[PDB]
>>> print(open('data-v7.pdb').read())   # PDB, N, CA and C atoms
ATOM      1  N   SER S   2      66.118 167.444  38.506
ATOM      2  CA  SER S   2      66.224 166.846  39.850
ATOM      3  C   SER S   2      67.372 165.847  39.813
ATOM      4  N   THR S   3      68.368 166.038  40.672
ATOM      5  CA  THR S   3      69.615 165.284  40.533
ATOM      6  C   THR S   3      69.362 163.825  40.891
ATOM      7  N   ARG S   4      69.612 162.912  39.941
ATOM      8  CA  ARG S   4      69.821 161.484  40.216
ATOM      9  C   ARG S   4      71.103 161.329  41.035
ATOM     10  N   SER S   5      70.979 161.521  42.341
ATOM     11  CA  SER S   5      72.091 161.471  43.284
ATOM     12  C   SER S   5      72.714 160.074  43.329
ATOM     13  N   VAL S   6      73.993 160.018  43.696
ATOM     14  CA  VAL S   6      74.734 158.755  43.753
ATOM     15  C   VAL S   6      74.359 158.014  45.033
ATOM     16  N   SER S   7      73.422 157.072  44.909
ATOM     17  CA  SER S   7      73.046 156.168  45.997
ATOM     18  C   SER S   7      74.239 155.283  46.372
ATOM     19  N   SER S   8      74.865 155.601  47.507
ATOM     20  CA  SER S   8      76.249 155.211  47.813
ATOM     21  C   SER S   8      76.330 154.246  49.000
ATOM     22  N   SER S   9      75.596 153.133  48.911
ATOM     23  CA  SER S   9      75.747 151.992  49.823
ATOM     24  C   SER S   9      77.149 151.349  49.733
ATOM     25  N   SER S  10      77.437 150.385  50.609
ATOM     26  CA  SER S  10      78.749 149.733  50.773
ATOM     27  C   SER S  10      79.174 148.764  49.660
ATOM     28  N   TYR S  11      78.859 149.072  48.400
ATOM     29  CA  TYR S  11      79.462 148.445  47.209
ATOM     30  C   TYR S  11      81.003 148.596  47.121
ATOM     31  N   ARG S  12      81.603 149.420  47.996
ATOM     32  CA  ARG S  12      83.040 149.736  48.061
ATOM     33  C   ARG S  12      83.896 148.699  48.810
ATOM     34  N   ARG S  13      83.335 148.033  49.832
ATOM     35  CA  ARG S  13      84.012 147.069  50.735
ATOM     36  C   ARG S  13      82.958 146.269  51.515
ATOM     37  N   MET S  14      83.273 145.722  52.695
ATOM     38  CA  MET S  14      82.451 144.727  53.428
ATOM     39  C   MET S  14      82.344 143.352  52.744
ATOM     40  N   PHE S  15      82.753 143.254  51.477
ATOM     41  CA  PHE S  15      83.007 142.004  50.772
ATOM     42  C   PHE S  15      84.501 141.644  50.813
ATOM     43  N   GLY S  16      84.882 140.367  50.784
ATOM     44  CA  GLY S  16      84.036 139.165  50.790
ATOM     45  C   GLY S  16      84.544 138.106  49.810
ATOM     46  N   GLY S  17      84.375 136.832  50.172
ATOM     47  CA  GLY S  17      85.127 135.711  49.593
ATOM     48  C   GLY S  17      86.133 135.109  50.585
ATOM     49  N   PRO S  18      87.174 135.841  51.040
ATOM     50  CA  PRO S  18      88.074 135.392  52.106
ATOM     51  C   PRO S  18      87.468 135.558  53.519
ATOM     52  N   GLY S  19      86.163 135.298  53.680
ATOM     53  CA  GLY S  19      85.514 135.161  54.995
ATOM     54  C   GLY S  19      85.966 133.916  55.775
ATOM     55  N   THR S  20      86.680 133.006  55.104
ATOM     56  CA  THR S  20      87.356 131.816  55.642
ATOM     57  C   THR S  20      88.549 132.179  56.548
ATOM     58  N   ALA S  21      88.260 132.791  57.699
ATOM     59  CA  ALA S  21      89.232 133.268  58.681
ATOM     60  C   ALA S  21      89.844 132.111  59.509
ATOM     61  N   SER S  22      89.419 131.930  60.768
ATOM     62  CA  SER S  22      89.895 130.843  61.637
ATOM     63  C   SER S  22      89.331 129.478  61.218
ATOM     64  N   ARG S  23      89.967 128.861  60.216
ATOM     65  CA  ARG S  23      89.886 127.408  60.000
ATOM     66  C   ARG S  23      90.446 126.672  61.235
ATOM     67  N   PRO S  24      89.836 125.558  61.680
ATOM     68  CA  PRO S  24      90.236 124.863  62.902
ATOM     69  C   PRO S  24      91.550 124.087  62.718
ATOM     70  N   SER S  25      92.687 124.739  62.970
ATOM     71  CA  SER S  25      93.983 124.056  63.135
ATOM     72  C   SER S  25      94.003 123.110  64.340
ATOM     73  N   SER S  26      93.070 123.281  65.281
ATOM     74  CA  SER S  26      92.736 122.343  66.358
ATOM     75  C   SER S  26      92.329 120.940  65.883
ATOM     76  N   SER S  27      91.967 120.776  64.598
ATOM     77  CA  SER S  27      91.817 119.464  63.938
ATOM     78  C   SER S  27      93.112 118.643  63.980
ATOM     79  N   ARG S  28      94.271 119.319  63.990
ATOM     80  CA  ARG S  28      95.501 118.773  64.563
ATOM     81  C   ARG S  28      95.470 119.006  66.078
ATOM     82  N   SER S  29      95.112 117.951  66.797
ATOM     83  CA  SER S  29      95.488 117.757  68.197
ATOM     84  C   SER S  29      96.631 116.742  68.322
ATOM     85  N   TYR S  30      97.304 116.713  69.473
ATOM     86  CA  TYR S  30      98.189 115.612  69.855
ATOM     87  C   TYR S  30      97.868 115.173  71.285
ATOM     88  N   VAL S  31      96.935 114.229  71.391
ATOM     89  CA  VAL S  31      96.605 113.564  72.652
ATOM     90  C   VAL S  31      97.453 112.300  72.797
ATOM     91  N   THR S  32      98.004 112.101  73.986
ATOM     92  CA  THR S  32      98.706 110.896  74.430
ATOM     93  C   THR S  32      98.456 110.694  75.921
ATOM     94  N   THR S  33      98.364 109.438  76.357
ATOM     95  CA  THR S  33      98.306 109.103  77.785
ATOM     96  C   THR S  33      99.655 109.348  78.465
ATOM     97  N   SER S  34      99.629 109.419  79.801
ATOM     98  CA  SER S  34     100.797 109.499  80.685
ATOM     99  C   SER S  34     101.638 108.225  80.599
ATOM    100  N   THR S  35     102.457 108.144  79.551
ATOM    101  CA  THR S  35     102.926 106.862  79.010
ATOM    102  C   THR S  35     103.763 106.106  80.041
ATOM    103  N   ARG S  36     103.353 104.877  80.374
ATOM    104  CA  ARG S  36     103.985 104.046  81.408
ATOM    105  C   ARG S  36     105.288 103.428  80.899
ATOM    106  N   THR S  37     106.342 103.539  81.707
ATOM    107  CA  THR S  37     107.300 102.425  81.850
ATOM    108  C   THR S  37     106.770 101.455  82.904
ATOM    109  N   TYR S  38     106.591 100.182  82.554
ATOM    110  CA  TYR S  38     106.025  99.163  83.446
ATOM    111  C   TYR S  38     107.065  98.611  84.437
ATOM    112  N   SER S  39     106.639  98.316  85.668
ATOM    113  CA  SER S  39     107.437  97.614  86.680
ATOM    114  C   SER S  39     107.533  96.109  86.390
ATOM    115  N   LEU S  40     108.625  95.479  86.840
ATOM    116  CA  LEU S  40     108.844  94.030  86.780
ATOM    117  C   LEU S  40     109.586  93.554  88.039
ATOM    118  N   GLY S  41     109.033  92.554  88.729
ATOM    119  CA  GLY S  41     109.676  91.917  89.891
ATOM    120  C   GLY S  41     110.861  90.995  89.554
ATOM    121  N   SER S  42     111.240  90.870  88.280
ATOM    122  CA  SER S  42     112.265  89.926  87.808
ATOM    123  C   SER S  42     113.674  90.208  88.345
ATOM    124  N   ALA S  43     113.988  91.452  88.727
ATOM    125  CA  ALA S  43     115.245  91.812  89.400
ATOM    126  C   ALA S  43     115.147  91.846  90.946
ATOM    127  N   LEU S  44     113.930  91.768  91.503
ATOM    128  CA  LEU S  44     113.699  91.521  92.933
ATOM    129  C   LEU S  44     113.813  90.028  93.292
ATOM    130  N   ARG S  45     113.532  89.125  92.340
ATOM    131  CA  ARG S  45     113.548  87.661  92.511
ATOM    132  C   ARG S  45     114.918  87.041  92.146
ATOM    133  N   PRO S  46     115.794  86.709  93.116
ATOM    134  CA  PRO S  46     117.000  85.916  92.867
ATOM    135  C   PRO S  46     116.698  84.412  92.707
ATOM    136  N   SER S  47     117.732  83.635  92.377
ATOM    137  CA  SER S  47     117.719  82.167  92.444
ATOM    138  C   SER S  47     118.114  81.652  93.836
ATOM    139  N   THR S  48     117.143  81.185  94.625
ATOM    140  CA  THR S  48     117.397  80.444  95.878
ATOM    141  C   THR S  48     117.917  79.028  95.586
ATOM    142  N   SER S  49     119.234  78.883  95.412
ATOM    143  CA  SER S  49     119.870  77.601  95.076
ATOM    144  C   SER S  49     119.900  76.634  96.269
ATOM    145  N   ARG S  50     119.393  75.408  96.081
ATOM    146  CA  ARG S  50     119.495  74.318  97.069
ATOM    147  C   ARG S  50     120.811  73.546  96.917
ATOM    148  N   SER S  51     121.779  73.849  97.778
ATOM    149  CA  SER S  51     122.928  72.974  98.044
ATOM    150  C   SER S  51     122.486  71.683  98.749
ATOM    151  N   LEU S  52     122.878  70.522  98.215
ATOM    152  CA  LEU S  52     122.686  69.211  98.851
ATOM    153  C   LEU S  52     124.015  68.700  99.427
TER     154      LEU S  52
ATOM    155  N   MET G   1     167.617  15.038 149.452
ATOM    156  CA  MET G   1     166.659  14.943 148.324
ATOM    157  C   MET G   1     165.997  16.300 148.132
ATOM    158  N   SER G   2     165.679  16.687 146.895
ATOM    159  CA  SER G   2     164.990  17.946 146.577
ATOM    160  C   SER G   2     164.004  17.721 145.430
ATOM    161  N   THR G   3     162.720  18.005 145.649
ATOM    162  CA  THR G   3     161.662  17.708 144.673
ATOM    163  C   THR G   3     161.779  18.606 143.439
ATOM    164  N   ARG G   4     162.150  18.021 142.290
ATOM    165  CA  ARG G   4     162.200  18.672 140.962
ATOM    166  C   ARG G   4     160.794  19.031 140.453
ATOM    167  N   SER G   5     160.186  20.051 141.050
ATOM    168  CA  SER G   5     158.831  20.499 140.735
ATOM    169  C   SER G   5     158.826  21.408 139.503
ATOM    170  N   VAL G   6     158.540  20.843 138.329
ATOM    171  CA  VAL G   6     158.220  21.571 137.085
ATOM    172  C   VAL G   6     156.800  22.157 137.171
ATOM    173  N   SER G   7     156.610  23.038 138.153
ATOM    174  CA  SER G   7     155.301  23.482 138.651
ATOM    175  C   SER G   7     154.486  24.224 137.591
ATOM    176  N   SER G   8     153.165  24.294 137.804
ATOM    177  CA  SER G   8     152.453  25.523 137.447
ATOM    178  C   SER G   8     152.859  26.645 138.397
ATOM    179  N   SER G   9     153.683  27.543 137.856
ATOM    180  CA  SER G   9     154.456  28.508 138.629
ATOM    181  C   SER G   9     153.533  29.476 139.368
ATOM    182  N   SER G  10     153.957  29.882 140.568
ATOM    183  CA  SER G  10     153.177  30.709 141.504
ATOM    184  C   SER G  10     152.920  32.154 141.046
ATOM    185  N   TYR G  11     153.141  32.460 139.764
ATOM    186  CA  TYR G  11     152.732  33.705 139.110
ATOM    187  C   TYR G  11     151.571  33.536 138.123
ATOM    188  N   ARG G  12     151.162  32.299 137.778
ATOM    189  CA  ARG G  12     149.973  32.035 136.937
ATOM    190  C   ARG G  12     149.091  30.847 137.327
ATOM    191  N   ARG G  13     149.507  29.975 138.258
ATOM    192  CA  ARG G  13     148.668  28.867 138.769
ATOM    193  C   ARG G  13     147.301  29.326 139.292
ATOM    194  N   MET G  14     147.298  30.316 140.187
ATOM    195  CA  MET G  14     146.077  30.917 140.751
ATOM    196  C   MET G  14     145.593  32.161 139.972
ATOM    197  N   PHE G  15     146.114  32.404 138.759
ATOM    198  CA  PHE G  15     145.948  33.682 138.041
ATOM    199  C   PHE G  15     145.627  33.514 136.538
ATOM    200  N   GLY G  16     145.092  32.353 136.125
ATOM    201  CA  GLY G  16     144.412  32.137 134.831
ATOM    202  C   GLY G  16     145.068  32.734 133.571
ATOM    203  N   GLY G  17     146.397  32.615 133.438
ATOM    204  CA  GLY G  17     147.197  33.338 132.437
ATOM    205  C   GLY G  17     147.111  32.776 131.013
ATOM    206  N   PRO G  18     147.308  33.650 130.006
ATOM    207  CA  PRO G  18     146.894  33.516 128.605
ATOM    208  C   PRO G  18     145.950  32.363 128.203
ATOM    209  N   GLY G  19     144.693  32.304 128.670
ATOM    210  CA  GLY G  19     144.132  32.964 129.861
ATOM    211  C   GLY G  19     142.966  33.936 129.673
ATOM    212  N   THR G  20     141.984  33.802 130.569
ATOM    213  CA  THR G  20     140.877  34.750 130.792
ATOM    214  C   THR G  20     141.162  35.803 131.874
ATOM    215  N   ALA G  21     142.229  35.656 132.674
ATOM    216  CA  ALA G  21     142.710  36.714 133.579
ATOM    217  C   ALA G  21     143.561  37.777 132.856
ATOM    218  N   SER G  22     144.240  37.389 131.771
ATOM    219  CA  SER G  22     144.690  38.296 130.696
ATOM    220  C   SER G  22     143.549  38.845 129.819
ATOM    221  N   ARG G  23     142.298  38.493 130.145
ATOM    222  CA  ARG G  23     141.052  39.198 129.813
ATOM    223  C   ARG G  23     140.957  39.699 128.358
ATOM    224  N   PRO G  24     140.676  38.796 127.395
ATOM    225  CA  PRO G  24     140.216  39.149 126.047
ATOM    226  C   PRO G  24     138.794  39.748 126.085
ATOM    227  N   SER G  25     138.685  40.972 126.600
ATOM    228  CA  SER G  25     137.481  41.804 126.779
ATOM    229  C   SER G  25     136.866  42.316 125.462
ATOM    230  N   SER G  26     137.117  41.616 124.358
ATOM    231  CA  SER G  26     136.787  42.028 122.994
ATOM    232  C   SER G  26     135.314  41.791 122.643
ATOM    233  N   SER G  27     134.398  42.504 123.306
ATOM    234  CA  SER G  27     133.044  42.714 122.772
ATOM    235  C   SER G  27     133.131  43.455 121.432
ATOM    236  N   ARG G  28     132.730  42.786 120.343
ATOM    237  CA  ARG G  28     133.049  43.189 118.959
ATOM    238  C   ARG G  28     132.037  44.181 118.374
ATOM    239  N   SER G  29     131.782  45.285 119.078
ATOM    240  CA  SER G  29     130.990  46.396 118.533
ATOM    241  C   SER G  29     131.659  46.979 117.282
ATOM    242  N   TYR G  30     131.049  46.792 116.109
ATOM    243  CA  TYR G  30     131.543  47.373 114.862
ATOM    244  C   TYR G  30     131.308  48.892 114.834
ATOM    245  N   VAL G  31     132.376  49.668 114.615
ATOM    246  CA  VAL G  31     132.355  51.142 114.651
ATOM    247  C   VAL G  31     131.725  51.706 113.370
ATOM    248  N   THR G  32     130.399  51.597 113.296
ATOM    249  CA  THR G  32     129.583  51.916 112.117
ATOM    250  C   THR G  32     129.621  53.415 111.814
ATOM    251  N   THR G  33     130.559  53.835 110.965
ATOM    252  CA  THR G  33     130.726  55.244 110.574
ATOM    253  C   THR G  33     129.647  55.643 109.560
ATOM    254  N   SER G  34     128.456  55.974 110.070
ATOM    255  CA  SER G  34     127.234  56.152 109.274
ATOM    256  C   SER G  34     127.385  57.220 108.181
ATOM    257  N   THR G  35     127.412  56.779 106.922
ATOM    258  CA  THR G  35     127.568  57.651 105.751
ATOM    259  C   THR G  35     126.225  58.251 105.336
ATOM    260  N   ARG G  36     126.052  59.569 105.520
ATOM    261  CA  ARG G  36     124.887  60.319 105.012
ATOM    262  C   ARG G  36     125.195  61.030 103.691
ATOM    263  N   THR G  37     124.208  61.088 102.803
ATOM    264  CA  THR G  37     124.248  61.825 101.526
ATOM    265  C   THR G  37     123.966  63.329 101.699
ATOM    266  N   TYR G  38     124.694  64.022 102.589
ATOM    267  CA  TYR G  38     124.416  65.433 102.909
ATOM    268  C   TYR G  38     125.663  66.308 103.154
ATOM    269  N   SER G  39     125.872  67.271 102.250
ATOM    270  CA  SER G  39     126.697  68.470 102.465
ATOM    271  C   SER G  39     125.905  69.528 103.238
ATOM    272  N   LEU G  40     126.537  70.200 104.202
ATOM    273  CA  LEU G  40     125.826  71.069 105.141
ATOM    274  C   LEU G  40     125.255  72.314 104.439
ATOM    275  N   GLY G  41     123.946  72.541 104.576
ATOM    276  CA  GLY G  41     123.207  73.631 103.925
ATOM    277  C   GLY G  41     122.697  73.325 102.510
ATOM    278  N   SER G  42     122.991  72.147 101.945
ATOM    279  CA  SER G  42     122.632  71.833 100.549
ATOM    280  C   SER G  42     121.126  71.652 100.305
ATOM    281  N   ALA G  43     120.331  71.425 101.358
ATOM    282  CA  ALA G  43     118.879  71.238 101.270
ATOM    283  C   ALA G  43     118.108  72.508 100.861
ATOM    284  N   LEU G  44     118.617  73.701 101.196
ATOM    285  CA  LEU G  44     117.962  74.964 100.864
ATOM    286  C   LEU G  44     118.990  76.056 100.550
ATOM    287  N   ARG G  45     118.974  76.498  99.290
ATOM    288  CA  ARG G  45     119.531  77.778  98.842
ATOM    289  C   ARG G  45     118.375  78.623  98.286
ATOM    290  N   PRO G  46     117.800  79.565  99.057
ATOM    291  CA  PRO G  46     116.612  80.311  98.645
ATOM    292  C   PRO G  46     116.944  81.204  97.444
ATOM    293  N   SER G  47     116.490  80.790  96.260
ATOM    294  CA  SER G  47     116.947  81.344  94.983
ATOM    295  C   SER G  47     116.160  82.601  94.609
ATOM    296  N   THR G  48     116.657  83.767  95.045
ATOM    297  CA  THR G  48     116.142  85.096  94.651
ATOM    298  C   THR G  48     116.547  85.508  93.227
ATOM    299  N   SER G  49     117.192  84.597  92.485
ATOM    300  CA  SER G  49     117.358  84.687  91.034
ATOM    301  C   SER G  49     115.999  84.601  90.324
ATOM    302  N   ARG G  50     115.439  85.775  90.026
ATOM    303  CA  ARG G  50     114.213  86.009  89.247
ATOM    304  C   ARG G  50     114.440  87.220  88.333
ATOM    305  N   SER G  51     115.513  87.135  87.537
ATOM    306  CA  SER G  51     116.131  88.235  86.772
ATOM    307  C   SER G  51     115.252  88.777  85.630
ATOM    308  N   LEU G  52     114.106  89.357  85.982
ATOM    309  CA  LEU G  52     113.115  89.898  85.060
ATOM    310  C   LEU G  52     113.425  91.363  84.710
TER     311      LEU G  52
END
>>> encode(input="data-v7.pdb", output="structure tokens")
Amino acid sequence: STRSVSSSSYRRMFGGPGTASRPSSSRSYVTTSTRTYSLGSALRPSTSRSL
Amino acid sequence: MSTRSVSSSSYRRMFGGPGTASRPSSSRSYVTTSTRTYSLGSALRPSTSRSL
């Protein structure tokens, strides 16, 4: 009676490099809508008092 | 005879000469040229110099 070759997937489906999509999203670059600030210092002249 | 009259002459006898009829009208109002410490507009130069 033939001891037939029991032929399950010992050939492939393995394995080790199952480490596919590592999260490169761990590098994000978040920044706010970075302001240049306003200043009234060029709207304000010197009102000189002549005597 | 003719009267040698060294008169008060008929141009100043009745006419108060040098004299109050020559009228020293000198009311001595002193012409006080009032000196103010002010150049025109010197009180306000509105200084918009705020060079920020």
>>> closest_atom_pairs(input="data-v7.pdb", of="chain G", to="chain S", cutoff="6 Å", atoms="only C-alpha atoms", output="JSON lines")
{"residue": "G:38", "atom": "CA", "partner": "S:52", "partner_atom": "CA", "distance": 5.8}
{"residue": "G:39", "atom": "CA", "partner": "S:52", "partner_atom": "CA", "distance": 5.4}
{"residue": "G:41", "atom": "CA", "partner": "S:51", "partner_atom": "CA", "distance": 5.9}
{"residue": "G:42", "atom": "CA", "partner": "S:51", "partner_atom": "CA", "distance": 2.8}
{"residue": "G:43", "atom": "CA", "partner": "S:52", "partner_atom": "CA", "distance": 4.9}
{"residue": "G:44", "atom": "CA", "partner": "S:50", "partner_atom": "CA", "distance": 4.1}
{"residue": "G:45", "atom": "CA", "partner": "S:49", "partner_atom": "CA", "distance": 3.8}
{"residue": "G:46", "atom": "CA", "partner": "S:48", "partner_atom": "CA", "distance": 2.9}
{"residue": "G:47", "atom": "CA", "partner": "S:48", "partner_atom": "CA", "distance": 1.3}
{"residue": "G:48", "atom": "CA", "partner": "S:46", "partner_atom": "CA", "distance": 2.1}
{"residue": "G:49", "atom": "CA", "partner": "S:46", "partner_atom": "CA", "distance": 2.2}
{"residue": "G:50", "atom": "CA", "partner": "S:45", "partner_atom": "CA", "distance": 3.7}
{"residue": "G:51", "atom": "CA", "partner": "S:42", "partner_atom": "CA", "distance": 4.3}
{"residue": "G:52", "atom": "CA", "partner": "S:42", "partner_atom": "CA", "distance": 2.9}
>>> write_last_selection(input="data-v7.pdb", atoms="N, CA and C atoms", output="CSV table (one decimal), in the coordinates of the input")
chain,number,residue,atom,x,y,z
G,38,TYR,N,124.7,64.0,102.6
G,38,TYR,CA,124.4,65.4,102.9
G,38,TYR,C,125.7,66.3,103.2
G,39,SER,N,125.9,67.3,102.2
G,39,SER,CA,126.7,68.5,102.5
G,39,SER,C,125.9,69.5,103.2
G,41,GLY,N,123.9,72.5,104.6
G,41,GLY,CA,123.2,73.6,103.9
G,41,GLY,C,122.7,73.3,102.5
G,42,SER,N,123.0,72.1,101.9
G,42,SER,CA,122.6,71.8,100.5
G,42,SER,C,121.1,71.7,100.3
G,43,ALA,N,120.3,71.4,101.4
G,43,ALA,CA,118.9,71.2,101.3
G,43,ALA,C,118.1,72.5,100.9
G,44,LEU,N,118.6,73.7,101.2
G,44,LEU,CA,118.0,75.0,100.9
G,44,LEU,C,119.0,76.1,100.6
G,45,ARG,N,119.0,76.5,99.3
G,45,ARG,CA,119.5,77.8,98.8
G,45,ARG,C,118.4,78.6,98.3
G,46,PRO,N,117.8,79.6,99.1
G,46,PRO,CA,116.6,80.3,98.6
G,46,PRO,C,116.9,81.2,97.4
G,47,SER,N,116.5,80.8,96.3
G,47,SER,CA,116.9,81.3,95.0
G,47,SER,C,116.2,82.6,94.6
G,48,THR,N,116.7,83.8,95.0
G,48,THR,CA,116.1,85.1,94.7
G,48,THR,C,116.5,85.5,93.2
G,49,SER,N,117.2,84.6,92.5
G,49,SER,CA,117.4,84.7,91.0
G,49,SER,C,116.0,84.6,90.3
G,50,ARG,N,115.4,85.8,90.0
G,50,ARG,CA,114.2,86.0,89.2
G,50,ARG,C,114.4,87.2,88.3
G,51,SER,N,115.5,87.1,87.5
G,51,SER,CA,116.1,88.2,86.8
G,51,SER,C,115.3,88.8,85.6
G,52,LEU,N,114.1,89.4,86.0
G,52,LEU,CA,113.1,89.9,85.1
G,52,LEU,C,113.4,91.4,84.7
>>> axis_aligned_box(input="data-v7.pdb", around="segment 31-44 of chain S", padding_each_side="6 Å", output="AutoDock Vina command-line options")
--center_x 105.9 --center_y 102.1 --center_z 82.3 --size_x 30.6 --size_y 36.3 --size_z 33.9
>>> select_by_dssp(input="data-v7.pdb", residues="chain G", states="strand (DSSP E)", output="NGL selection string")
:G and (47-50)
>>> atom_distance(input="data-v7.pdb", atom1="atom C of residue 12 of chain G", atom2="atom C of residue 24 of chain G")
17.7 Å
>>> atom_distance(input="data-v7.pdb", atom1="atom CA of residue 31 of chain G", atom2="atom N of residue 19 of chain G")
26.5 Å
